[PDB]
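Please read the structure below before turning to the comments.
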Amino acid sequence: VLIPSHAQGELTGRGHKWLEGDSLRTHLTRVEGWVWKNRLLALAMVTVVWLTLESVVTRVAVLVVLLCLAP
Amino acid sequence: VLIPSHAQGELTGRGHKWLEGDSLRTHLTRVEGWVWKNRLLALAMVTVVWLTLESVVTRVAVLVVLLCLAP
Amino acid sequence: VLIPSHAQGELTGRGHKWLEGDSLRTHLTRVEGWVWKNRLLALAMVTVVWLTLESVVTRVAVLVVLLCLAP
Amino acid sequence: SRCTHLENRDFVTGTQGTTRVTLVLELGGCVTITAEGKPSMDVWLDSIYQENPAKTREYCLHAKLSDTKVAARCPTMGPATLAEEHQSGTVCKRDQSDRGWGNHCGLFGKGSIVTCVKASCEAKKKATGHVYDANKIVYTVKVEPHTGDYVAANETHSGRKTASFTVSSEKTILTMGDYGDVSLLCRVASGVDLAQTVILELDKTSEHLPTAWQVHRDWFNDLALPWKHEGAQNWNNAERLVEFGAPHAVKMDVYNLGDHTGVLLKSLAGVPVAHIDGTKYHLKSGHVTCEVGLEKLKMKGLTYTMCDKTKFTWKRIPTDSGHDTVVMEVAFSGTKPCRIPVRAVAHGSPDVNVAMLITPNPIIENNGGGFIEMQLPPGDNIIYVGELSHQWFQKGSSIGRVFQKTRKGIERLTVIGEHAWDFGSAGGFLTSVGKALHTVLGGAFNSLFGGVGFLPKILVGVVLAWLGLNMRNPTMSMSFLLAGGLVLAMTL
Amino acid sequence: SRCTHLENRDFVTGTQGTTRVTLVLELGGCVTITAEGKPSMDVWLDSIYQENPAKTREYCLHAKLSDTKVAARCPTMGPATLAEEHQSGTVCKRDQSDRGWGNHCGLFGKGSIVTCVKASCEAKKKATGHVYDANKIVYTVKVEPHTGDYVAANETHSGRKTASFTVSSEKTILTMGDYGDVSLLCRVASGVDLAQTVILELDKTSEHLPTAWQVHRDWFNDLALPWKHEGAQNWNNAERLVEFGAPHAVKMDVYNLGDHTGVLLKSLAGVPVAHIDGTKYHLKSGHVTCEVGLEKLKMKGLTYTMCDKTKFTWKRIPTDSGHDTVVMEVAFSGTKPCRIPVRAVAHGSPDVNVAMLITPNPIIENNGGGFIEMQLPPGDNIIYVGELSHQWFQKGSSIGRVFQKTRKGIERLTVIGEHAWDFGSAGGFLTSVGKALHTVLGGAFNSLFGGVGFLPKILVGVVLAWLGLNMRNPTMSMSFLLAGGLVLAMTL
Amino acid sequence: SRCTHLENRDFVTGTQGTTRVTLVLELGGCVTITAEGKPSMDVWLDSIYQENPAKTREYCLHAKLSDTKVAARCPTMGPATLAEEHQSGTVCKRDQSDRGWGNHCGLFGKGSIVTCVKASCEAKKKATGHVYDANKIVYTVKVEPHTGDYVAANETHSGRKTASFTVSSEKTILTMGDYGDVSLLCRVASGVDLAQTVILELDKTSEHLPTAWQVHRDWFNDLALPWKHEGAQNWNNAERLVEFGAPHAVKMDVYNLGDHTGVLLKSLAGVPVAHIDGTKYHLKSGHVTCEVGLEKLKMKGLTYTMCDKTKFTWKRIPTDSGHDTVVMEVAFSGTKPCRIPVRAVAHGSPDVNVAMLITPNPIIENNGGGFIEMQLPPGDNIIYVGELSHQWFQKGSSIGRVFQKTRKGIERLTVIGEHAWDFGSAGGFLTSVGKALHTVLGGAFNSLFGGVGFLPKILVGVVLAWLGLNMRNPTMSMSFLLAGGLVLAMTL
Ligand SMILES: *[C@@H]1O[C@H](CO)[C@@H](O)[C@H](O)[C@H]1NC(C)=O
Ligand SMILES: *[C@@H]1O[C@H](CO)[C@@H](O)[C@H](O)[C@H]1NC(C)=O
Ligand SMILES: *[C@@H]1O[C@H](CO)[C@@H](O)[C@H](O)[C@H]1NC(C)=O
């Protein structure tokens with residue numbers, strides 16, 4: 001069904017690379033577009049965590065996990 | 001570049017549906033193959049999580065979260 | 001009527017006269033099938049024995065022994 | 001009967017004195033509407049289509065590229081320029097190249113370079129979106145009497161009457177021959193939510209694909225592909241198919257990412273199919289709410305004599321329909337017309353005619369009759385047709401049948417949603433309150449949920465459950481109420 | 001001086017009594033060897049290639065389907081079967097369909113159904129993998145003396161020398177005329193890993209794509225598409241481009257999932273391109289270690305007379321090169337051969353020369369000589385060539401050059417990995433210790449989290465940090481600094 | 001009196017006014033029906049058969065192998081392939097040989113090898129599984145009046161009557177001659193479970209074997225043999241009779257495992273034999289429920305005169321039937337016809353009759369009569385037939401007979417009660433409660449422990465008893481009490 005990618009760091013060298021920049025930062029775009037759909041729930045979800053985790057520091061880790069799980 | 005999966009999105013009822021079941025299944029096959037290649041590291045991280053205990057449900061939550069975050 | 005299996009005698013360990021040495025492992029499909037056919041009873045035995053015993057290793061080893069005694 | 005052909009028929013019924021019964025005619029389903037002292041009918045919705053629905057926008061799936069041109073200038077000189085930057089319909093890029101006395105410049109450093117290409121769509125590689133018009137959508141609903149004639153699915157019953165419903169069309173009266181006039185209203189305003197819905201064509205008449213798909217307005221409008229309006233001469237964002245190479249000396253390459261079609265077809269996975277029939281674009285899901293006016297149907301042949309009990313023969317012995325009905329056909333060699341002497345006797349009550357016929361007053365006539373369908377209670381029965389008989393064991397169980405009817409109800413409520421609440425009849429308090437609460441809750445939920453998807457459902461459920469375990473104050477119990485409510489609803 | 005044409009020049013320097021210098025030549029790089037009392041050399045790995053590597057596999061990118069056939073059996077008439085189920089090149093599926101008196105069976109229930117199509121790869125839609133052979137791959141090393149006559153990248157130097165290396169090779173002696181001999185020994189077994197590498201090619205004639213990609217072996221072996229070895233007539237897993245719709249009563253539809261090529265091209269995105277030149281399959285990444293025996297190099301022209309100071313003129317005025325280095329060319333109109341009086345005097349300091357000449361003992365000859373290269377101290381300078389003078393200002397800074405040089409060391413460590421210790425290595429115990437530490441750390445980090453990729457490695461690293469934030473004992477506290485090292489190892 | 005021939009005889013009794021009696025008939029068993037003022041009948045199920053059953057599978061018992069072919073490749077020359085790999089009716093295997101200089105390859109290593117053979121089934125070496133059709137099986141019930149004539153097992157009673165019940169059978173009237181008329185009805189739906197029965201037939205003319213066996217459907221479907229459906233051209237899973245030797249250079253060897261008939265017949269143990277009679281396929285184990293109607297039976301010769309007391313003579317003296325009944329036969333030599341003066345008294349001669357005559361109103365006919373069957377109270381009795389007399393001592397105690405009757409009830413109760421609790425002529429107020437309890441108990445005790453078998457059942461019962469010894473609290477002890485009931489039911 002599906003073709004996976006493989007890690008950028010495997011072979012490297014100084015040769016020209018196909019789509020050299022497209023391997024990484026592009027993955028953030030789906031998250032931002034996801035936010036731009038989710039926004040009412042997203043802020044709600046954030047505030048749900050924010051109000052419950054009065055333990056401040058673990059807010060960040062939890063929300064990072066949730067955002068990275070977010071398609 | 002990316003196109004999001006519509007598979008759930010229309011929630012539509014009785015009829016005939018394109019490629020439905022393999023859409024759901026392939027995500028699980030992704031996780032299973034990732035686990036299969038990981039298993040040395042996965043078992044290591046399992047024992048590392050054993051070095052920790054807020055609760056066993058926390059242990060399995062963190063493990064599932066990690067396996068779902070990675071491919 | 002019965003013929004005793006030669007692997008009980010196995011007059012020389014150097015032998016190669018049949019597949020049968022690997023087939024003996026395939027015959028564990030008897031236990032596994034008995035598992036697969038009776039999973040709910042096994043899980044019952046699991047839920048029983050995981051709760052009734054205090055010892056932790058017996059809460060594996062006894063169930064393993066019973067499932068291996070099951071034909 | 002038609003509905004025999006389908007694994008999904010509903011036996012709507014009405015008591016004596018019942019008229020103008022209400023149905024919700026799901027596409028891919030059938031209704032066997034049976035009324036005391038009246039002819040039974042089969043009713044169903046056969047098509048939902050619109051002729052030539054208007055179109056929204058087009059995408060391209062495979063770019064054709066031509067006239068690649070490049071220019072570059074030494075590092076201290078200035079920016080590179082092409083007229084092909086202004087001549088719209090091109091794709092272009094500006095970048096910088098290392099230069100020096102290796103490349104006949106006077107001074108080492110990075111100098112400007114520009115590249116442009118013409119782009120167009122490959123032949124027949126378009127995709128197109130169509131949208132329904134709520135005042136041009138057409139519905140069609142067919143009725144067929146239970147005449148006691150069987151007719152295979154590749155034949156047409158002589159009493160199959162068709163109504164076509166457009167929202168401008170009032171009550172329709174259909175004369176069912178001898179049985180009199182049925183009437184319908186099927187107000188189109190209860191149809192599918194056309195605003196959500198786009199039909200996707202792929203331009204090729206492919207021999208091995210569905211001819212069109214039905215997709216949500218959002219997903220179709222979101223596609224990261226080059227696009228245009230109909231009859232606009234050039235594509236917007238054509239660069240989405242064109243990737244430039246990294247600069248090298250006075251040169252840049254242009255690489256073409258090729259045919260996306262396999263990507264789109266895979267991304268469609270999960271989507272409902274549709275159909276195209278010349279000019280007519282058919283949906284394959286939906287429903288409409290029909291009022292059915294039974295008040296003028298009449299029995300046929302209550303005044304005929306019985307048949308001679310002797311002369312019946314099994315053309316086709318009683319057999320299980322899978323609908324918990326017994327289906328059979330007899331042939332008769334006597335004089336015609338006459339009434340068929342059907343009976344069924346339970347083992348427990350040798351004098352009781354337990355047969356609950358679906359077929360009304362089963363009749364033999366000069367070119368037809370003798371097909372019979374009946375329902376029986378579970379256990380052991382003997383069916384009779386005069387002197388002819390057959391031992392039938394009705395395999396079900398009463399509680400099992402009730403539980404199955406609950407499963408059917410849950411399925412209907414899941415697939416239809418809130419409209420299911422007013423299936424059968426207005427139903428008073430239970431139906432109207434169920435509809436009111438289900439509409440309000442489902443609307444608020446869909447407003448939050450719409451597009452969140454399956455695994456995010458599971459994630460949010462597990463998160464809310466964990467918080468319900470973790471946190472202290474009594475309100476958290478309500479959060480758990482939400483957690484369980486979502487989790488079960490989504491898992492169901 | 002070829003290395004001026006590249007960005008990534010390197011310098012290597014030898015005292016008197018330098019002998020066999022060690023180098024790590026890298027494809028797309030170029031090493032200027034310099035030594036006291038000797039002519040300087042440019043050295044580079046020109047290319048790596050093999051003639052006609054063995055084809056590992058073909059993959060198919062677009063299946064043609066044809067000759068769809070179907071067979072079905074009523075619910076008790078057992079499995080339906082077709083002669084097509086056994087033949088080569090057929091894709092088949094078996095399923096069940098709901099059947100009954102609606103489609104002329106006697107029993108209501110699930111009939112058996114089977115369908116088959118011919119499946120064949122369409123035209124040019126194949127990807128071919130090729131594998132190198134250690135016994136036959138040729139490493140071409142080139143060498144060029146600093147003779148001081150300039151040439152463009154578009155023109156071939158009068159004295160460029162080629163050595164070709166293979167397992168059959170030895171210490172190779174290259175005779176560079178009056179510059180003497182030079183000795184190359186290059187370890188073919190020290191080159192790229194020829195097992196891990198596969199050349200992937202599509203249709204080479206594709207106008208807007210590179211000819212090939214240097215993919216990793218395990219990825220190519222784990223590709224999903226239909227595949228076969230060379231010469232085999234029938235595609236394995238041909239069903240993977242095919243899908244069957246749900247069974248209707250007596251029919252199953254068959255669909256073609258279309259051209260996969262766009263998916264493959266997208267998945268490539270990590271990959272370095274490769275190249276094909278007729279039969280010669282070239283790599284575009286790699287390196288070899290070599291030992292360059294300088295011991296028989298010879299200075300030319302030390303017997304020649306000095307040039308007349310009066311008679312120089314600029315053919316090319318001084319300029320920076322971006323190698324922190326000044327290059328120039330002079331004409332001359334006296335009698336010749338002669339030696340060029342080149343000097344640089346900083347400013348306000350007339351008696352201390354600062355000209356670190358890289359082109360040694362500069363000379364002018366009949367149709368030769370006149371190009372000069374030097375490095376200068378930061379700040380104001382005056383450059384002289386006889387009576388000719390130019391007021392060069394040397395930009396940069398004293399510490400800035402040291403920083404830049406040490407940064408290049410980090411880039412070298414990043415792209416070479418382990419072997420960077422060999423570059424310039426004249427054997428030393430500290431270097432051996434460095435190589436031991438780097439080999440053990442690299443072995444651990446390549447085994448542990450090998451192939452995990454940067455985002456999942458960030459994930460694991462931060463998870464390991466989190467698992468140590470506030471803990472019962474210091475006994476494994478090294479784990480946090482190991483995570484820090486892992487982060488650093490991840491970062492680059 | 002046929003059923004004197006047969007162990008597993010049962011007695012059934014109707015009161016005065018008893019008109020209709022339920023029975024369960026079974027193969028190898030008989031009911032002697034008696035009622036006040038009515039002639040006795042022997043009723044039995046003669047045979048359960050179907051003409052020309054359908055068939056389910058053929059299994060092969062001995063493969064014929066031929067045309068072994070092998071292909072092999074040197075270690076890097078990819079997969080070896082044979083043309084026969086895709087031909088129907090072949091068995092193949094692929095493996096790796098070891099290769100080197102000694103096998104004319106270039107490289108030491110592992111090299112692909114493939115072997116294929118044609119496979120066919122030996123002549124007359126198939127097993128065929130036949131299966132019943134519920135609409136066509138015939139349930140043959142026979143009835144004989146007690147006329148007081150004796151006939152051996154190899155003689156036919158003059159008044160034997162037969163009915164052949166079927167799904168079409170309705171209700172049968174059997175004219176018994178001078179004894180009047182009996183109504184008889186049987187429910188084929190209540191018969192053997194036709195679903196779970198397969199008739200395994202081996203190929204013809206085996207002299208020392210059964211003709212066919214009656215086997216469980218899942219066991220038959222789980223046979224570990226090559227198989228095909230009816231009329232299919234080639235054998236599935238043909239490899240099950242073939243083994244491949246380890247590969248050795250270019251060579252690989254094929255071993256036929258030979259005739260599997262022995263392991264089949266040794267697996268057909270504890271399995272009921274079936275029978276075949278031309279085209280009629282007979283069961284040998286089964287039952288049916290019937291509803292005997294004593295309404296119209298009447299007694300011959302109630303107006304006949306008493307015989308001469310002096311002219312009797314024993315032809316067969318009183319002897320034990322083994323059913324706790326006495327059987328005898330008298331000749332008579334006077335004028336005829338007349339009623340036999342049978343009576344019996346307990347010792348002490350109280351002149352109170354204690355003969356329980358099973359034979360109704362015993363008569364010497366003009367050409368028949370004179371057999372008599374009696375039951376008597378325990379201990380010492382004197383039988384009289386006119387003046388003819390014989391001292392008889394009746395063995396069992398009354399409590400022994402009561403216990404023995406309960407033991408017979410329990411003995412039938414497992415087979416009949418698993419089918420149906422109501423053997424005992426509708427003790428409905430007790431019997432329906434007993435049936436309900438036994439139904440739910442059997443549901444539990446079959447959904448648990450289903451297919452576990454008696455010894456593993458008992459072993460798990462002992463495990464549950466040890467858990468009883470481990471029961472921490474009273475509710476747990478109640479769960480043990482439930483396991484006690486289970487282990488009792490499984491040991492019984
Ligand atoms: C319908 O299908 C049956 C298939 O058995 C065929 O015999 C019959 O002629 C068909 N009739 C029509 C009107 O297509
Ligand atoms: C490149 O070199 C060729 C000969 O090798 C020469 O004719 C040409 O002029 C050169 N290019 C330029 C731009 O001068
Ligand atoms: C019945 O069997 C007996 C003993 O075998 C024999 O004397 C008699 O002739 C047989 N009668 C018939 C009709 O077979």
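Residue names in the structure tokens use chain letters A, B, ... in the order shown, residue numbers from 1 in each chain, and ligand numbers from 1 in the order shown.
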
Worksheet item: What do you get as number ranges by chain if you pick all residues at most 10 Å from ligand 3, counting only C-alpha atoms and all ligand atoms?
Response: F: 151-156

Discussion item. Set the distance at 7 Å and use only C-alpha atoms: which residues neighbour residue D:255 once local chain neighbours fewer than 5 positions away are removed? I'd like the list as a VMD selection string.
Written reply: (chain D and resid 242 to 245) or (chain E and resid 208 to 209)

Practice prompt. Measure the distance from atom CA of residue D:355 to atom CA of residue D:381 in Å and round it to one decimal.
Written response: 9.5 Å

Discussion item. Once chain D is fitted to chain E on all Cα atoms paired one-to-one in order, how large is the remaining RMSD?
Written reply: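 Overlaying the two chains on their C-alpha atoms yields 1.0 Å.
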
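With chain A held fixed and chain B fitted to it over all Cα atoms, the RMSD is 1.7 Å.
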
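The part of chain F that reaches within 9 Å of chain E is made up of residues 56, 78, 79, 81, 85, 86, 87, 88, 229, 230 and 232 of chain F, counting only C-alpha atoms.
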
Worksheet entry | Residues near residue B:35, cut-off 12 Å, only C-alpha atoms, skip fewer than 3 positions along chain, as an MDAnalysis selection string | (chainID B and resid 28:32 38:43 45 63:64 66:71) or (chainID E and resid 452)

Practice prompt. Counting only C-alpha atoms, collect the residues of chain F whose closest atom lies at most 12 Å from chain C, and write them out as a ChimeraX atom specification.
Written response: /F:242-246,255,257,262-263,265-267,269,447-453,455-457,459-460,463-464,466-473,476,479

Dump as a PDB file, in the first residue's frame, selection limited to C-alpha atoms:
ATOM      1  CA  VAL F 242       4.767 -35.215  -0.251  1.00  0.00           C
ATOM      2  CA  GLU F 243       8.052 -34.362   1.464  1.00  0.00           C
ATOM      3  CA  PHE F 244      11.207 -32.792   0.032  1.00  0.00           C
ATOM      4  CA  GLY F 245      14.684 -33.862   1.070  1.00  0.00           C
ATOM      5  CA  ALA F 246      17.367 -31.381   2.015  1.00  0.00           C
ATOM      6  CA  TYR F 255       9.570 -38.606  -1.098  1.00  0.00           C
ATOM      7  CA  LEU F 257       4.567 -40.454   2.136  1.00  0.00           C
ATOM      8  CA  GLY F 262      -4.236 -46.824   7.858  1.00  0.00           C
ATOM      9  CA  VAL F 263      -4.077 -43.590   9.864  1.00  0.00           C
ATOM     10  CA  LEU F 265      -9.087 -46.119   9.764  1.00  0.00           C
ATOM     11  CA  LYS F 266      -7.158 -45.941  13.042  1.00  0.00           C
ATOM     12  CA  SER F 267      -8.629 -42.449  13.476  1.00  0.00           C
ATOM     13  CA  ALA F 269     -12.378 -45.337  16.203  1.00  0.00           C
ATOM     14  CA  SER F 447     -21.204 -23.503  26.126  1.00  0.00           C
ATOM     15  CA  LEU F 448     -18.645 -24.093  28.834  1.00  0.00           C
ATOM     16  CA  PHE F 449     -16.616 -27.318  28.495  1.00  0.00           C
ATOM     17  CA  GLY F 450     -17.873 -27.745  24.913  1.00  0.00           C
ATOM     18  CA  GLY F 451     -15.652 -30.260  23.133  1.00  0.00           C
ATOM     19  CA  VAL F 452     -13.319 -30.549  26.139  1.00  0.00           C
ATOM     20  CA  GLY F 453     -14.038 -34.270  26.596  1.00  0.00           C
ATOM     21  CA  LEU F 455     -11.144 -36.663  31.089  1.00  0.00           C
ATOM     22  CA  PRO F 456     -10.037 -33.007  30.591  1.00  0.00           C
ATOM     23  CA  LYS F 457     -13.443 -31.983  31.963  1.00  0.00           C
ATOM     24  CA  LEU F 459      -9.259 -32.717  35.414  1.00  0.00           C
ATOM     25  CA  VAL F 460     -10.481 -29.101  35.257  1.00  0.00           C
ATOM     26  CA  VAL F 463      -8.569 -27.911  39.489  1.00  0.00           C
ATOM     27  CA  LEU F 464     -11.830 -26.183  40.460  1.00  0.00           C
ATOM     28  CA  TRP F 466      -8.526 -27.181  44.541  1.00  0.00           C
ATOM     29  CA  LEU F 467      -9.786 -23.639  43.968  1.00  0.00           C
ATOM     30  CA  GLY F 468     -12.584 -24.647  46.339  1.00  0.00           C
ATOM     31  CA  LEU F 469      -9.866 -25.395  48.864  1.00  0.00           C
ATOM     32  CA  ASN F 470      -8.541 -21.915  47.993  1.00  0.00           C
ATOM     33  CA  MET F 471     -11.894 -20.071  48.281  1.00  0.00           C
ATOM     34  CA  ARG F 472     -11.187 -17.125  50.589  1.00  0.00           C
ATOM     35  CA  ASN F 473     -14.796 -16.102  51.292  1.00  0.00           C
ATOM     36  CA  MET F 476     -16.160 -17.784  46.472  1.00  0.00           C
ATOM     37  CA  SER F 479     -18.576 -20.376  43.023  1.00  0.00           C
TER      38      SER F 479
END

Discussion item. For a test of reading the model, state the distance in Å between atom CA of residue D:384 and atom CA of residue D:146, rounded to one decimal.
Written reply: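 It comes out at 20.4 Å.
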
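Closest approach to chain A from the set B:55, B:23, B:12, B:47 is made by B:23, with distances taken over only C-alpha atoms.
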
Practice prompt. As a PyMOL selection string, please: all residues of stretch 251-355 of chain E that backbone DSSP puts in strand (DSSP E).
Written response: chain E and resi 254-256+273-277+280-282+287-293+312-320+326-332+338-339+342-344

Item to complete: Can you pull out every residue within 10 Å of residue E:252, counting only C-alpha atoms, but drop anything in the same chain fewer than 2 positions away, and send it as a list in words?
Response: residues 68, 69, 70, 71, 93, 94, 95, 96, 97, 113, 114, 115, 116, 244, 245, 246, 247, 248, 249, 250, 254 and 255 of chain E

Practice prompt. Would you mind listing what lies within 12 Å of residue D:354 as a ChimeraX atom specification, with only C-alpha atoms counted and same-chain residues fewer than 2 positions away left out?
Written response: /D:342-352,356-357,374-378,380-384

Worksheet item: as a ChimeraX atom specification, which residues of stretch 222-438 of chain D does DSSP assign to alpha helix (DSSP H)?
Response: /D:222,261-267,398-416,428-438

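Atom to atom, atom CA of residue D:253 and atom CA of residue D:119 stand 15.0 Å apart.
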
Determine, counting only C-alpha atoms, which protein, DNA and RNA residues have an atom within 12 Å of an atom of residue C:5; residues of the same chain fewer than 6 positions away are not included. Present the result as an mmCIF file with C-alpha atoms, in the first residue's frame.
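So part23.cif came out as:
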data_model
loop_
_atom_site.group_PDB
_atom_site.id
_atom_site.type_symbol
_atom_site.label_atom_id
_atom_site.label_comp_id
_atom_site.auth_asym_id
_atom_site.auth_seq_id
_atom_site.Cartn_x
_atom_site.Cartn_y
_atom_site.Cartn_z
ATOM 1 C CA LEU C 11 19.646 -43.485 19.031
ATOM 2 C CA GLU C 20 10.210 -34.525 12.138
ATOM 3 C CA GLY C 21 12.532 -32.720 14.578
ATOM 4 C CA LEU C 24 7.758 -31.534 16.941
#

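Proximity ranking of B:10, B:4, B:50, B:36 relative to chain A places B:4 first, based on only C-alpha atoms.
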